[PDB]
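Written out below as structure tokens is the structure these notes cover.
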Amino acid sequence: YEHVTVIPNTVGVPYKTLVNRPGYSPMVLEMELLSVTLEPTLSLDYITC
Amino acid sequence: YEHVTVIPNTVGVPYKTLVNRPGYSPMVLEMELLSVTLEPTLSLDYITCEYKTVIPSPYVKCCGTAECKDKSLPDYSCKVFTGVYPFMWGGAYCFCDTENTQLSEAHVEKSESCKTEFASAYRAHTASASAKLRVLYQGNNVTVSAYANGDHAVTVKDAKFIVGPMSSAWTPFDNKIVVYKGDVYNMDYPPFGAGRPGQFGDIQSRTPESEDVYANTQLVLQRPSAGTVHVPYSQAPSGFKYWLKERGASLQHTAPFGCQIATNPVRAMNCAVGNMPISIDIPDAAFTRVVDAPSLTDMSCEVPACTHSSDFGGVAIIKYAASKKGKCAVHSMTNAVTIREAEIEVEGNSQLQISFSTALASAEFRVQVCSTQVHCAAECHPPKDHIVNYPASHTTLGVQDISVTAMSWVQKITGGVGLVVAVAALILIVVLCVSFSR
């Protein structure tokens, strides 16, 4: 059963949402971004030393 | 006790009917057409198949004219060719280079395949309905099987069933029909003894075993190639062997109302057309007295969820209290909302759960629970998925006459405009009245 949501992009804070399936008792989903990573694409221009 | 009722002719969908014998407890029967079958009455007109042309060795007359005989054979042709001079492998056949003639003759016959590879052309004028039918009687799925002609009752579980006559005479077959194997085709085949060359029926016979043949292949003998002993000829190639490449689609793939077709004997199965009368003479033992059966009171209902989902996507719960332990029948008074369950256990004070299906965007209905009625209603959501592999478990919608709660928007705007045009008519009547009152 498919459920969609959005949470603020803020690491280590838990967020809460209500699973809703009509005719079935609800349940609660908690989720937490443990980390998020951006990895840029690098082109080497030069070394110096 | 004879209860008589009418169901849609759709195979594979269950229907609920309510027996309501006065002074006894009501009883619900589920029933379901497992198949229906239209079998025509067939008269064979003729067989068609592949001819063989027969050519005896050509007689060649040395030094004279050959005599052209005549005889009746199915397409007999004979000719005398003059000024021939044939060679065999060791030399010329006749004594002289001139004044010889060759008598060429030929006819046609059925190939000895015609008792196993043939098309059979029938005239198929009237048809007998037959049906096979599940009923949920006293907690047993039990099957009955009978000719749906309106006579001929059948008995099972000591209950007597009589079925038909079927409301529509419609059938996929035209008056003329042809069968090959499992295929059958509606076509206007040519008369016996009048088939054209190179088309279906260029050769014809009354039965595959018959000795008599009509054939019309336009066979024409031709002059041998000056030195060869052969018999060349021109003929239309077999109309049957052309038909086998040009048949097109059998009735099985092309008939309306979702029919399926089969052979030996030929049938149309499961035609989704019209409706079926059914009558049951139920034996007396099934009927509990209304005073002996469990009676509910103080019942009330909730619909935790509902959807238009074709397949019992609505769910409901009824609280109740009742006068004893026992078994209790359930039915829906509103044709727009079908209920899945049929009978259920009732005891003390408790609640029962049931399933329902509908097209309605806001369901409202009365559920009868043995000799008592509860009102039930709620909102319904749309299903998500556009397409399914099964027919709907409920009727089509009353599209003009039934619509959502929030139809109150119609009552608001038509009541507001209606009030204004009535206020207008009243003020006009006041000034009209004082203009007359002078």
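Chains: A, B, ... in order of the structure tokens. Residues: from 1 per chain. Ligands: from 1, in order shown.
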
Closest atom pairs, residues of chain B within 8 Å of chain A, only C-alpha atoms, as a tab-separated table:
```
residue	atom	partner	partner_atom	distance
B:304	CA	A:23	CA	5.6
B:305	CA	A:23	CA	4.8
B:306	CA	A:22	CA	7.6
B:315	CA	A:23	CA	7.0
```

Give me the residues near residue 370 in chain B as a list in words, where near means some atom within 8 Å (using only C-alpha atoms) and where sequence neighbours in that chain fewer than 4 positions away do not count.
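Once the nearby chain positions are removed, what remains is residues 25, 26, 294, 295, 296, 328, 329 and 330 of chain B.
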
Please write the residues from the selection above to a file, keeping N, CA and C atoms, as a PDB file, in the first residue's frame.
```pdb
ATOM      1  N   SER B  25     -40.110 -16.412   8.169  1.00  0.00           N
ATOM      2  CA  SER B  25     -38.881 -15.632   8.028  1.00  0.00           C
ATOM      3  C   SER B  25     -38.499 -15.526   6.546  1.00  0.00           C
ATOM      4  N   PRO B  26     -37.986 -14.380   6.072  1.00  0.00           N
ATOM      5  CA  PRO B  26     -37.490 -14.264   4.715  1.00  0.00           C
ATOM      6  C   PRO B  26     -36.211 -15.085   4.547  1.00  0.00           C
ATOM      7  N   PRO B 294     -34.676 -16.049  15.116  1.00  0.00           N
ATOM      8  CA  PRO B 294     -34.108 -14.923  15.849  1.00  0.00           C
ATOM      9  C   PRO B 294     -34.681 -13.600  15.344  1.00  0.00           C
ATOM     10  N   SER B 295     -35.069 -12.701  16.250  1.00  0.00           N
ATOM     11  CA  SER B 295     -35.457 -11.327  15.908  1.00  0.00           C
ATOM     12  C   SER B 295     -34.474 -10.328  16.494  1.00  0.00           C
ATOM     13  N   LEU B 296     -33.952  -9.444  15.646  1.00  0.00           N
ATOM     14  CA  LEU B 296     -33.143  -8.304  16.060  1.00  0.00           C
ATOM     15  C   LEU B 296     -34.012  -7.179  16.629  1.00  0.00           C
ATOM     16  N   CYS B 328     -29.337 -15.960  10.423  1.00  0.00           N
ATOM     17  CA  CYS B 328     -30.127 -14.806  10.003  1.00  0.00           C
ATOM     18  C   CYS B 328     -29.778 -14.354   8.575  1.00  0.00           C
ATOM     19  N   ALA B 329     -30.785 -14.157   7.719  1.00  0.00           N
ATOM     20  CA  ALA B 329     -30.610 -13.743   6.325  1.00  0.00           C
ATOM     21  C   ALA B 329     -30.498 -12.217   6.165  1.00  0.00           C
ATOM     22  N   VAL B 330     -29.693 -11.744   5.206  1.00  0.00           N
ATOM     23  CA  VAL B 330     -29.501 -10.310   4.908  1.00  0.00           C
ATOM     24  C   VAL B 330     -29.703  -9.979   3.430  1.00  0.00           C
TER      25      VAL B 330
END
```

Range 28-33 of chain A environment, 10 Å, only C-alpha atoms, sequence neighbours closer than 5 positions dropped, as a PDB file with N, CA, C and O atoms, in the first residue's frame:
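The resulting file, part28.pdb, is shown below:
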```
ATOM      1  N   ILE A   7       9.329  15.771   3.952  1.00  0.00           N
ATOM      2  CA  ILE A   7       9.902  16.187   5.239  1.00  0.00           C
ATOM      3  C   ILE A   7      10.957  17.269   5.022  1.00  0.00           C
ATOM      4  O   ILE A   7      11.624  17.249   3.991  1.00  0.00           O
ATOM      5  N   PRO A   8      11.128  18.242   5.930  1.00  0.00           N
ATOM      6  CA  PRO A   8      12.189  19.231   5.817  1.00  0.00           C
ATOM      7  C   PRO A   8      13.554  18.574   5.718  1.00  0.00           C
ATOM      8  O   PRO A   8      13.825  17.583   6.388  1.00  0.00           O
ATOM      9  N   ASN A   9      14.442  19.119   4.896  1.00  0.00           N
ATOM     10  CA  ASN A   9      15.778  18.566   4.733  1.00  0.00           C
ATOM     11  C   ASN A   9      16.635  19.069   5.895  1.00  0.00           C
ATOM     12  O   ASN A   9      17.227  20.143   5.836  1.00  0.00           O
ATOM     13  N   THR A  10      16.596  18.369   7.020  1.00  0.00           N
ATOM     14  CA  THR A  10      17.224  18.783   8.274  1.00  0.00           C
ATOM     15  C   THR A  10      17.593  17.536   9.055  1.00  0.00           C
ATOM     16  O   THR A  10      16.727  16.793   9.504  1.00  0.00           O
ATOM     17  N   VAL A  11      18.890  17.261   9.140  1.00  0.00           N
ATOM     18  CA  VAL A  11      19.407  15.969   9.594  1.00  0.00           C
ATOM     19  C   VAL A  11      19.248  15.772  11.093  1.00  0.00           C
ATOM     20  O   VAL A  11      19.425  16.702  11.871  1.00  0.00           O
ATOM     21  N   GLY A  12      18.945  14.548  11.511  1.00  0.00           N
ATOM     22  CA  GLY A  12      18.860  14.183  12.925  1.00  0.00           C
ATOM     23  C   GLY A  12      17.581  14.615  13.645  1.00  0.00           C
ATOM     24  O   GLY A  12      17.485  14.461  14.858  1.00  0.00           O
ATOM     25  N   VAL A  13      16.587  15.148  12.933  1.00  0.00           N
ATOM     26  CA  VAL A  13      15.263  15.473  13.486  1.00  0.00           C
ATOM     27  C   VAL A  13      14.247  14.447  12.985  1.00  0.00           C
ATOM     28  O   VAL A  13      14.099  14.305  11.773  1.00  0.00           O
ATOM     29  N   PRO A  14      13.535  13.718  13.855  1.00  0.00           N
ATOM     30  CA  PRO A  14      12.505  12.797  13.417  1.00  0.00           C
ATOM     31  C   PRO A  14      11.241  13.547  12.997  1.00  0.00           C
ATOM     32  O   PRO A  14      10.858  14.529  13.629  1.00  0.00           O
ATOM     33  N   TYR A  15      10.560  13.044  11.975  1.00  0.00           N
ATOM     34  CA  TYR A  15       9.284  13.547  11.464  1.00  0.00           C
ATOM     35  C   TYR A  15       8.246  12.434  11.441  1.00  0.00           C
ATOM     36  O   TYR A  15       8.587  11.256  11.376  1.00  0.00           O
ATOM     37  N   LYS A  16       6.972  12.802  11.543  1.00  0.00           N
ATOM     38  CA  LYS A  16       5.862  11.886  11.815  1.00  0.00           C
ATOM     39  C   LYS A  16       4.815  11.964  10.709  1.00  0.00           C
ATOM     40  O   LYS A  16       4.490  13.059  10.255  1.00  0.00           O
ATOM     41  N   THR A  17       4.248  10.835  10.287  1.00  0.00           N
ATOM     42  CA  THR A  17       3.160  10.803   9.294  1.00  0.00           C
ATOM     43  C   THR A  17       2.197   9.636   9.534  1.00  0.00           C
ATOM     44  O   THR A  17       2.565   8.605  10.095  1.00  0.00           O
ATOM     45  N   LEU A  18       0.937   9.808   9.136  1.00  0.00           N
ATOM     46  CA  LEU A  18      -0.159   8.896   9.449  1.00  0.00           C
ATOM     47  C   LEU A  18      -0.536   8.043   8.232  1.00  0.00           C
ATOM     48  O   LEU A  18      -1.045   8.570   7.247  1.00  0.00           O
ATOM     49  N   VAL A  19      -0.322   6.731   8.310  1.00  0.00           N
ATOM     50  CA  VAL A  19      -0.754   5.766   7.298  1.00  0.00           C
ATOM     51  C   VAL A  19      -2.256   5.563   7.413  1.00  0.00           C
ATOM     52  O   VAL A  19      -2.797   5.408   8.506  1.00  0.00           O
ATOM     53  N   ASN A  20      -2.933   5.571   6.268  1.00  0.00           N
ATOM     54  CA  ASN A  20      -4.331   6.004   6.176  1.00  0.00           C
ATOM     55  C   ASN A  20      -5.317   4.999   5.536  1.00  0.00           C
ATOM     56  O   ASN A  20      -6.500   5.313   5.420  1.00  0.00           O
TER      57      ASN A  20
END
```

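The spacing separating CA of residue 41 in chain B from CA of residue 268 in chain B amounts to 12.4 Å.
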
Chain A: which residues are strand (DSSP E or B) by DSSP, as an mmCIF file with N, CA, C and O atoms, in the first residue's frame?
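For reference, out_11.cif as written:
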```cif
data_model
loop_
_atom_site.group_PDB
_atom_site.id
_atom_site.type_symbol
_atom_site.label_atom_id
_atom_site.label_comp_id
_atom_site.auth_asym_id
_atom_site.auth_seq_id
_atom_site.Cartn_x
_atom_site.Cartn_y
_atom_site.Cartn_z
ATOM 1 N N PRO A 14 13.535 13.718 13.855
ATOM 2 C CA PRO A 14 12.505 12.797 13.417
ATOM 3 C C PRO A 14 11.241 13.547 12.997
ATOM 4 O O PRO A 14 10.858 14.529 13.629
ATOM 5 N N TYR A 15 10.560 13.044 11.975
ATOM 6 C CA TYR A 15 9.284 13.547 11.464
ATOM 7 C C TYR A 15 8.246 12.434 11.441
ATOM 8 O O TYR A 15 8.587 11.256 11.376
ATOM 9 N N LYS A 16 6.972 12.802 11.543
ATOM 10 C CA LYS A 16 5.862 11.886 11.815
ATOM 11 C C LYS A 16 4.815 11.964 10.709
ATOM 12 O O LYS A 16 4.490 13.059 10.255
ATOM 13 N N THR A 17 4.248 10.835 10.287
ATOM 14 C CA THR A 17 3.160 10.803 9.294
ATOM 15 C C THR A 17 2.197 9.636 9.534
ATOM 16 O O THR A 17 2.565 8.605 10.095
ATOM 17 N N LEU A 18 0.937 9.808 9.136
ATOM 18 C CA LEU A 18 -0.159 8.896 9.449
ATOM 19 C C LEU A 18 -0.536 8.043 8.232
ATOM 20 O O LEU A 18 -1.045 8.570 7.247
ATOM 21 N N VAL A 19 -0.322 6.731 8.310
ATOM 22 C CA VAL A 19 -0.754 5.766 7.298
ATOM 23 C C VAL A 19 -2.256 5.563 7.413
ATOM 24 O O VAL A 19 -2.797 5.408 8.506
ATOM 25 N N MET A 27 -1.850 3.365 11.146
ATOM 26 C CA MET A 27 -0.584 3.241 11.864
ATOM 27 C C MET A 27 0.281 4.476 11.605
ATOM 28 O O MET A 27 0.017 5.238 10.678
ATOM 29 N N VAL A 28 1.298 4.717 12.420
ATOM 30 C CA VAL A 28 2.126 5.918 12.308
ATOM 31 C C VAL A 28 3.541 5.573 11.888
ATOM 32 O O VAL A 28 4.181 4.712 12.483
ATOM 33 N N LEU A 29 4.028 6.280 10.873
ATOM 34 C CA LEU A 29 5.378 6.166 10.342
ATOM 35 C C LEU A 29 6.203 7.311 10.904
ATOM 36 O O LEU A 29 5.821 8.473 10.781
ATOM 37 N N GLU A 30 7.342 7.002 11.508
ATOM 38 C CA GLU A 30 8.341 8.005 11.866
ATOM 39 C C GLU A 30 9.576 7.802 11.010
ATOM 40 O O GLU A 30 10.040 6.673 10.881
ATOM 41 N N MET A 31 10.143 8.867 10.456
ATOM 42 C CA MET A 31 11.409 8.779 9.743
ATOM 43 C C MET A 31 12.336 9.947 10.044
ATOM 44 O O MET A 31 11.914 11.006 10.491
ATOM 45 N N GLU A 32 13.621 9.737 9.812
ATOM 46 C CA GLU A 32 14.690 10.640 10.205
ATOM 47 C C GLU A 32 15.821 10.546 9.187
ATOM 48 O O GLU A 32 16.348 9.463 8.941
#
```

Can you tell me, as a list in words, which residues in range 47-269 of chain B count as alpha helix (DSSP H) by DSSP?
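Residues meeting the alpha helix (DSSP H) criterion: residues 239, 240, 241, 242, 243, 244, 245, 246, 251, 252, 253 and 254 of chain B.
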
Computed interatomic separation between CA of residue 238 in chain B and CA of residue 216 in chain B (Å)
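Separation of CA of residue 238 in chain B and CA of residue 216 in chain B: 10.3 Å.
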
What's around residue 44 in chain B at 7 Å? Count only C-alpha atoms, leave out sequence neighbours fewer than 4 positions away in its own chain, and write the answer as a PyMOL selection string.
chain B and resi 121-123

Surrounding residues of residue 156 in chain B excluding itself and chain neighbours under 4 positions, 10 Å, only C-alpha atoms, as a ChimeraX atom specification:
/B:142-145,160-161

I need the residue nearest residue 335 in chain B from this list: B:355, B:250, B:396, B:362. Use only C-alpha atoms for the distance.
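Smallest separation from residue 335 in chain B among the options: B:396.
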